[PDB]
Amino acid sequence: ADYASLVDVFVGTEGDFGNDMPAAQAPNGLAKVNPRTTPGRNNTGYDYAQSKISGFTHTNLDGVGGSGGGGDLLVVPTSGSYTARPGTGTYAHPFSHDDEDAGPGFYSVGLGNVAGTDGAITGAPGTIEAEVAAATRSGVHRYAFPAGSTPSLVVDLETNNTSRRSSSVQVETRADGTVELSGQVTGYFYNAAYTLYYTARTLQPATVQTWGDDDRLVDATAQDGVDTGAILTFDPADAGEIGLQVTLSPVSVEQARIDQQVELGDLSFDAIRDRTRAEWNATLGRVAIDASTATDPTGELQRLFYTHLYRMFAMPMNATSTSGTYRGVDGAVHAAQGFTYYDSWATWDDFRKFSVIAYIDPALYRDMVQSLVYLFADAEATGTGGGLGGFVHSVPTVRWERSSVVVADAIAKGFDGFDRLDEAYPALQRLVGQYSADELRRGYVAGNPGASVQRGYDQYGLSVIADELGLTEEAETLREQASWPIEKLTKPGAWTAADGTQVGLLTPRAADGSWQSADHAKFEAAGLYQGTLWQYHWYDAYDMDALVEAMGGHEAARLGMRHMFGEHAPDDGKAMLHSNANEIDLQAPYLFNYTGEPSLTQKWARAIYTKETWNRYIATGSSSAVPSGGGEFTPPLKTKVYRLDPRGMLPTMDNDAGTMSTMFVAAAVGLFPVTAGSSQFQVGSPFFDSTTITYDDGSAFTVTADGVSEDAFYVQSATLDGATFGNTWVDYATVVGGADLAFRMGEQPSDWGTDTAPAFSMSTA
């Protein structure tokens, strides 16, 4: 019943080992009440390895790179006093993980008391007990200050994980003496600025001073600039209980006030915390697991599952008001009619995650795709022709590449009635871009194999959308162009197998058709972003059949796949050409199903996600967190990719809006989307004796793995709804239809699935 207790919100919160947050948050919540460590932090604002905390920020992004996004609206409890804008060093409180507790919807910590005046503020006797919880749009605070303290909360509106652009604060003192603060914060992350409106009320009487960009702390009730803030001071008689409620809205301050009355009403802190815990239990309860001692002797694998299921329901965030409105990239308010509008995208990294969301929470997935459609429809509506990067966004956000694939994913899966798809389409076309004249002639971008394979997948996705809109002729042209990267950039005999077999591989190609020299295993060679040619080779996952042919046939592919995973040298870390640390070749472990060796897919799926593997590659050039260089672990390292630890992922391995977590869930269920933008899932190695996904109507998908253990991870035989099943892929319809997929597991590889009906490929469909 209480799945929330199995989630460990600290997994991935250390250093550069995931960039996730312990923040109090509701499922897909906008409000993310994250403690802030000092002087070090991860991208979210909390590094587990630290021992001081300043306060709580209310906005954020999960698992992103750079210096993180959001981090707006810092609330810092203190017994100190100020006569000017606070020095940030004065916020610092000792904390200990021994006096810290968190889980779905809540975070609590005992902070060492601090007192004094301005720069003289330092440690003081006693403890500030801090508790926060979250609803969808709101963060609530309860503080206990030592007896005799003059409690104060600093509301710092400059704090941002990357860049504060503008902020404002208006103060109101009501009849009962409580204070309400409101205004806007405008930040920036990666491509775009974003604005959020806020309202924050105290629950006890307070007096207040504000500051603006001149650093003067004054009695004025309004500020508007870049660095602004407010300092709330309470009566010592209220030291036992200081409460604060903060609500966010992409729409307006007054909308935030309405949202707050709707969301929180007169509910107590405990009831708001309790209600969000129940909401998490309902969300997590969509997947019910029975895991024997044999497969999970310590219970950590089940905790790991639920922790990553928790992480899967974070982004995109609910960007809709309680009144059913949202703010568009045109800067105006619009109705999200009959659906919830979500926003905050990092689709270049995360596109495969949506395909998995589709089979865990179909209704949420539908709303997300509809939202993605409205977002592009809105860009088109401006009439400006500009890219999404040129607008101010409704929530912190990242990037939008591969959106065409995600939309196509819902269409291929039989979702329809997507309002405003006709409007979204031309904006999706501009996103994807066109080959230049010279590029059209030759069939590829000169010296840029990465951009070529990427457009190929984008064009496949657009082609699905084109056919749905009845643009048949456009769809044909798109499919033709989408075939080009495979045909034109797979260089024959790029790699020669041990027995002489000639294997073709993605290789940069000059304008005149000459092949360009390249080490196919070198990180970021040939203009590639965050990967190698071997890793990008497999990118055009919508046409494995054409890829197998371009590679030089079945045997060439089969031997290539074996070499990709160093099968000929299992104890040599350097022979590992696959990367676990980035999303570029996420699907690669499941490609053995395509080379007639499904047992190897099963092995690698179970190994990468639940065992120690060889790791040659990190996700970036180098990292101070592990001896590394040139995009590699130096030397290669045998280690678990996923740990139930604050050091949750490999060093440099960012979750990226819950992508790595979502892939873990998919591996655990045993169904992986090699082809996002299709309706198919590839069979892996289900982790648990029984896994049940219950849909909103009470029907359920049940996948069983009879006799599964840490050693018994190979499929021996299978049935589908009682009947012999021999395919290594299943359709989305079969899953959400409530099928019974039953596997028989064993400790040795079998030939199960080696006579599979072919999986989807654009060229053979």
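Numbering starts at 1 and runs along the sequence shown.
- Higher mean CA B-factor, judged across 194-202 and 119-127 from the recorded values: 119-127.
- Stretch comparison (540-548 versus 514-522) by mean CA B-factor in the PDB entry places 514-522 on top.
- The entry assigns its greatest Cα B factor, within the set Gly71, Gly229, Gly265, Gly87, to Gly265.
- Taking the PDB entry at face value, the top CA B factor among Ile258, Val154, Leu440, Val333 belongs to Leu440.
- In the PDB entry, a CA B factor belonging to the highest third of its chain's modelled residues is recorded for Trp729.
- Among the modelled residues of its chain, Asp213 has a C-alpha B-factor that falls in the lowest third, as given in the PDB entry.
- Compared with the other modelled residues of the chain, the Cα B-factor recorded for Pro686 ranks in the middle third.
- The deposited CA B-factor of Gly677 belongs to the lowest third of values across its chain.
- Ranked within its chain, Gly15 lands in the middle third, by CA B factor from the PDB record.
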